[PDB]
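Student: If you scroll down you'll find the structure; I have some questions about it.
Every residue, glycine as well, gets a Cβ built from its backbone with ideal geometry; the counts of neighbours run over all protein chains shown. Taken together, the values in this text are just the output of simple stated rules run on the coordinates, not laboratory data.
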Amino acid sequence: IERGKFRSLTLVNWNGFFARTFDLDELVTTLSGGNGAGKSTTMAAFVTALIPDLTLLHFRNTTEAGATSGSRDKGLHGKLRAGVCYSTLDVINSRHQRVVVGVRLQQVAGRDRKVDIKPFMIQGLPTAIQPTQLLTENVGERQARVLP
Amino acid sequence: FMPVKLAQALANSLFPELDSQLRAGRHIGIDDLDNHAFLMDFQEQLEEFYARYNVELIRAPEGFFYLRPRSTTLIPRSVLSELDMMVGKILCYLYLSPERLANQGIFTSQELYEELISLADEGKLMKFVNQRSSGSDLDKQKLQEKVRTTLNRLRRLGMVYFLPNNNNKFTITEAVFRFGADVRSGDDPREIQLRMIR
Amino acid sequence: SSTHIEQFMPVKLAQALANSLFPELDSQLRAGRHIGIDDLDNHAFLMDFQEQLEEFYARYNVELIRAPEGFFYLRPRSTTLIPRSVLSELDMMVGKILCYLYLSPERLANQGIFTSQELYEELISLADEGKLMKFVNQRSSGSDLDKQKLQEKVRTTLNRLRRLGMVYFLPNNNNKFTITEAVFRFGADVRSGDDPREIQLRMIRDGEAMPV
Amino acid sequence: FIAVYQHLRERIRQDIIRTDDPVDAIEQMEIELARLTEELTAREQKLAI
Amino acid sequence: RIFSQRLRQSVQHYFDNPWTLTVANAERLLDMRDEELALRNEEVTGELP
Ligand SMILES: Nc1ncnc2c1ncn2[C@@H]1O[C@H](COP(=O)(O)OP(=O)(O)OP(=O)(O)O)[C@@H](O)[C@H]1O
Ligand SMILES: [Mg+2]
């Protein structure tokens, strides 16, 4: 039997990323770059997309690992920009079925730094469609817009 | 077993009282010297103690402590009235700069009454009293009554401290900020507070 | 030695407070719920650490009490740290009737399952129907609309007693329910064959009951 | 002594034990005890199988 | 035949000395009324990589 695999990860309107798509590897994928480049942010987006349970999600620093802190802020809100945001995964099923899972993220206006999540799923999408293009509208001269 | 410092904390004579208060929803500010110091000292363990109830112990950035229930709260929940929030937002506005020179931290019921009346829309006012009411004396009287009532509620919350005499004059604590607006880089507090009030 | 649980707290009390059952129970108890023999988990827990709990709650100026029938409950003192409230007279009428129903061997064959209609029928059989109707409405004179209103008030108060833990509805049918021994507190004014006035005085002195 | 008796009189559990006489109540209680012991014996025998 | 008389007469004559029991009635946890959720909408745009 052929085991399923994760094909790619897509980020839209995150802190520092407007619309970026990482193509995963069959065995190992590495992220490199100086401090503050955005590696841990990519990890967080993936996990978020995986388990949208807002109760659970808590992104501590790598230092202070293992300390149950109850911090005032879970650390997700700041990784998002104003407006609408997305995080999606493309998966090839053992059945050789292409399925697109993801979440719609959006900041909540108000003093409390809260976040809203709406999961979604897509089945049967043609192999020629890329999520980056599916989630954006081409407005103006190569100045695309994101769509709700 | 149980962590030693947690056992120490809840063995303290101040705990029962503070527990009682907290469960009620009271906010602990810098004014309550002993309670605030106690929370500062034993926060790391009290947070864990109250997490067992599916209730969150939060320290606001301004400095005051309070409890926030989850959906799964073990403590029976209760919710504020629209009028309540109205009033609260009002008090947040009154925590102004000219306040210092205007009243030296001590207000009166009439200040809030008149501010409420002046700043709010008629329609929502009506909604607060009864939709069939129309600009009548009796209506105003009832509104006054409700104001007093809600004010008392708030005092229970610890938002507002009445000066110790029968007359209705009070001072506003920092914890009123919980009503306040979101602050963005360079934004003027007066404007944003009014924007939400509108 | 220092940094040792015994310095601040008895081991058994800390062991109790660390149990997974405590928060539930605490929450409930504070809310006024009575604990009987049927909810094993809770009851057993109570039994195991009785004295520690009593000592604990004492801090609050409240007595953790154990009735002879085996049910636990909270009785606040005058100086209580936790608020105290009183039941309505309609609640008492339904309470004393539920008590007589529990005792009745004539209905023991039901295996504890009673219907709101049977309760209502027993109540009207004993109390003054037309005079009791006064609490529903000052003009009540036996009209069916007023009789249905009385039945609905009964349904409501019964629902409140359920929350106090005095009665349990069936898992799928709400028109039927089962009694528990906690109802015997409604007989506190007559369990001893003595002068009613003196009994009443004793009860108010103990903080069990208030007049109206 | 009177006080003692008065004290005790309230503490009776249910109707079948309503002998207003404490001392009289004792035996009834004990009867219950024996009854319960037999029921327990039968139940633990059932549990084994 | 002990409680029949004892309890029936109490219900029959309750209104001559109405009395009420006491219960623990701890306060409910006051919370903010949830306002209608207001998200941030900004129609963001940008150059595509
Ligand atoms: N919640 C947040 N609010 C504001 N800025 C944040 C937040 N989380 C991360 N940042 C900033 O985003 C940038 C990316 O941080 P991130 O941890 O993803 O980088 P990195 O390349 O993984 O770094 P490092 O390897 O040092 O952990 C950094 O400037 C960090 O300060
Ligand atoms: Mg990082």
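Student: Separation between the C:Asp38 and B:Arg190 pseudo-spin-labels, each 7 Å from Cα along Cα→Cβ, expressed in nm?
Tutor: Calculated label separation equals 6.5 nm.
Student: Taking H as built 1.01 Å from N, whose amide H comes closer than 5 Å to the amide H of A:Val99, not counting residues under 5 places away?
Tutor: A:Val91, A:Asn93
Student: Would you mind counting up the charge near B:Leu14? Only other residues with Cβ under 13 Å from its Cβ, with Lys and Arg at +1 and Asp and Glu at -1. Let's see the in-between values first.
Tutor: Values: positive: C:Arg59; negative: B:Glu17, B:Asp19, B:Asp32, B:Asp34, B:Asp41.
Around B:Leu14, the charge tally is -4.
Student: Then there is this: Considering only DSSP beta bridges whose two residues both sit in the protein assembly as shown, what percent are antiparallel, to the nearest 5?
Tutor: Expressed as a percentage, antiparallel bridges in the protein assembly as shown total about 95.
Student: Rounded to whole Hz and in sequence order, give me ³J(HN,Hα) for segment A:20-30 from the Karplus expression 6.51 cos²θ - 1.76 cosθ + 1.60, θ = phi - 60°, writing x for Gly and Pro.
Tutor: Coupling constants for segment A:20-30: 9, 10, 9, 8, 6, 9, 5, 10, 9, 10, 10 Hz.
Student: Specify the inter-centroid distance of segment C:172-212 and segment B:104-123, based on alpha-carbon positions, in whole Å.
Tutor: 50
Student: Continuing with this model, one more query. Around C:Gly207, under 9 Å between beta carbons, what's the net of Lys plus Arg minus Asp minus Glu among the other residues?
Tutor: +1
Student: Let me ask you something else. By how many degrees, 0 to 90 and rounded to 10, does the Cα axis of helix A:39-50 deviate from the longest principal axis of chain A?
Tutor: So the inclination is approximately 70 degrees.
Student: Here's something else I'd like to know. Put a dot 7 Å past each Cα toward the Cβ at A:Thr68 and B:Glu62; how far apart are the dots in nm?
Tutor: 3.1
Student: List the residues whose amide H sits under 5 Å from the amide H of A:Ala144, counting only those 5 or more places along or on another chain, with H placed 1.01 Å from N in the peptide plane.
Tutor: A:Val139, E:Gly46, E:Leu48
Student: Right, here's the next one. Separation between the A:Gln143 and E:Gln5 pseudo-spin-labels, each 7 Å from Cα along Cα→Cβ, expressed in nm?
Tutor: For the pair A:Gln143/E:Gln5, the computed spacing is 10.0 nm.
Student: Quick one: net charge of E:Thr45's neighbours, Cβ under 13 Å, K/R +1, D/E -1?
Tutor: Net charge in that neighbourhood comes out at -2.
Student: How high is the FRET efficiency from C:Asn173 to E:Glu36, r the C-beta distance, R0 45 Å, rounded to 0.05?
Tutor: Given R0 = 45 Å and the Cβ-Cβ separation, E is 0.70.
Student: Mind checking C:28-40 for the average number of partner chain beta-carbons within 10 Å of each residue's beta-carbon? Working shown, then result.
Tutor: Numbers: counts 2, 2, 8, 7, 5, 2, 1, 0, 0, 0, 0, 0, 0.
Whole-number average of other-chain Cβ neighbours for C:28-40 is 2.
Student: Nothing charged except the Cβ atoms of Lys and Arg (+1) and of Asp and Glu (-1): what's the magnitude of the dipole of chain E about its Cα centre? Round to the nearest 20 debye.
Tutor: That gives chain E a dipole magnitude of about 1160 debye.
Student: Between helix E:3-12 and chain E, what is the angle of the helix's C-alpha long axis to the longest principal axis, kept within 0 to 90° and rounded to the nearest 10?
Tutor: 70
Student: Over segment C:5-129, what relative contact order in percent results from Cα pairs under 8 Å that are six or more residues apart?
Tutor: 17
Student: Contact order normalised by length for segment C:5-76, with contacts defined as Cα pairs under 8 Å and 6 or more residues apart; what percent is it?
Tutor: Computed over segment C:5-76, the figure is 30 percent.
Student: Could you order the peptides D:16-27, C:30-41, E:31-42 from most to least packed, using the average number of other C-beta atoms within 10 Å per residue?
Tutor: Final packing ranking: C:30-41, D:16-27, E:31-42.
Student: Only helical DSSP H runs with n ≥ 4 go in: add -39500 (n - 2.57) per run for the protein assembly as shown, normalise by residue count and round the 222 nm mean residue ellipticity to 500 deg cm²/dmol. Don't skip to the end; give the middle numbers.
Tutor: Numbers: 23 runs with 258 residues, N = 656.
The helix contribution divided over the protein assembly as shown gives -12000 deg cm²/dmol.
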